[PDB]
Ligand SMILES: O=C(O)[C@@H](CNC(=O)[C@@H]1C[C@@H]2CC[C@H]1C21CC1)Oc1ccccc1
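Single chain ahead, by itself, as structure tokens, in the form solved without this ligand.
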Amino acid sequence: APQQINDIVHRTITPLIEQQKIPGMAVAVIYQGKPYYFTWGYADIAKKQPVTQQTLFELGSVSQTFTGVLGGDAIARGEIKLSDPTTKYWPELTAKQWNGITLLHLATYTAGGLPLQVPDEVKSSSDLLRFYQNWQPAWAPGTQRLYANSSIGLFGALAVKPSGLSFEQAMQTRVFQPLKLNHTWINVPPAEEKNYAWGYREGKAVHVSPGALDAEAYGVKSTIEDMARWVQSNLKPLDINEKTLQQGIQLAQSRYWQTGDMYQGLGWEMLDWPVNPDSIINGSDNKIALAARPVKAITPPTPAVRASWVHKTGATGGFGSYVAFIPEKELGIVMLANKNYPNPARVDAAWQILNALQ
């Protein structure tokens, strides 16, 4: 591995692991289109299993980048349109507050303040219908962005309805297989459990619990190798053979709304490059303050901009993940850890590393 990459990665990540007390971590840097891997610590403390390039980590919200691309692929196939009303794909949603709420609003968190989480008491499909039917928006659609798993989650479920496939089968067949993400799962099979890291929360080993729309909002578990491959696909969609998938990746990176220095895509969020860490943090999902932010529509959406810092942060109770890439520099990074540590620290480390390799 080029010593420059070796040095900046280790000199940045070692202090990070030390300061955040992270049990295990895997990092991939994509430089000029090739991946370089790094791992530290334990996937399982009690059983002393080390983190390897084959260890599976829960991606949490980073899963939404896959959901966003899968929806983009569905648009490309002519199965759905972002301008179509939510009720076109769920006619049972008759409550009037849904008038005017489109698939675009669901995918981009601008439906009017859908909740951060679907409540635990929501199990069945009838329970889910009840939940959305009873929800009362605080705002008109397309006026404010409020990050929400119940918004992108619903988008994922509806986007695959025309296909006739379950969300997982659609994801496997249309995204994972074509890109050869052969160790990426929504449900980890028994044969792969030996590689599934435990997450750690307050010192206790934990895995994400089942919940409504979990597959769509936070259900992916993946290895550092598959995630590096996911970043390469997103860096260079033109290299992808499947037409609708190539188009779908491009649609997920288009800029639909702007708030401050940030642009909202489908799953991915973007800022113009160059930009410093403080601005990225202020213009993004920060685990800390949950913010309602007014948005300006980009009419029509700007196609993916090469000079962008494209990223997504994610977490589950015991895992913290971060992905960021800059298309015009063919540069990217993935950081997977089995501890949910502060987002600002993730952005600071990713920026320190990618800034150094410009």
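For every residue, the number given is its place in the sequence shown, counted from 1.
If you average the C-alpha B-factors over 61 to 69 and over 307 to 315, the higher value belongs to 307 to 315. Remark: stretch with higher mean C-alpha B factor among 23 to 31 and 323 to 331 is 323 to 331.
Of all the options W273, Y218, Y132, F176, the entry's greatest CA B-factor is assigned to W273. Of the candidates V122, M227, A252, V160, it is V122 whose Cα B-factor is highest according to the PDB record. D214 sits in the lowest third of its chain by CA B factor, as recorded in the PDB entry. In the deposited entry, the Cα temperature factor of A95 places it in the highest third of its chain's modelled residues. Looking at the C-alpha B-factors along this chain, the one for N282 belongs to the highest third. Compared with the other modelled residues of the chain, the Cα B-factor recorded for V206 ranks in the middle third. When the modelled residues of the chain are ordered by C-alpha B-factor, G164 sits in the highest third.
Omitted from view is the form deposited with this ligand bound, to which the following refers.
Taking a 4.5 Å heavy atom cutoff to this ligand in the entry with it bound, the contact residue among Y218, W230, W257, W268 is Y218. Of the listed positions (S222, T108, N234, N149), a single one reaches within 4.5 angstroms of this ligand by any non-hydrogen atom in the entry with it bound, namely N149.
For the marked spot (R201, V208 and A315), a heavy atom within 4.5 Å of this ligand in the entry with it bound is present in each of the three residues. For the chain shown alone, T12 is not a contact residue for this ligand in the entry with it bound, no non-hydrogen atom being within 4.5 angstroms. Under a 4.5 angstroms non-hydrogen atom cutoff, this ligand in the entry with it bound has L116 among its neighbouring residues. The closest non-hydrogen atom of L290 lies within 4.5 Å of this ligand in the entry with it bound. The shortest heavy atom separation between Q20 and this ligand in the entry with it bound exceeds 4.5 Å. In short, of 26 to 34, 299 to 307, 315 to 323, 46 to 54 it is 315 to 323 that has heavy atoms within 4.5 Å of this ligand in the entry with it bound.
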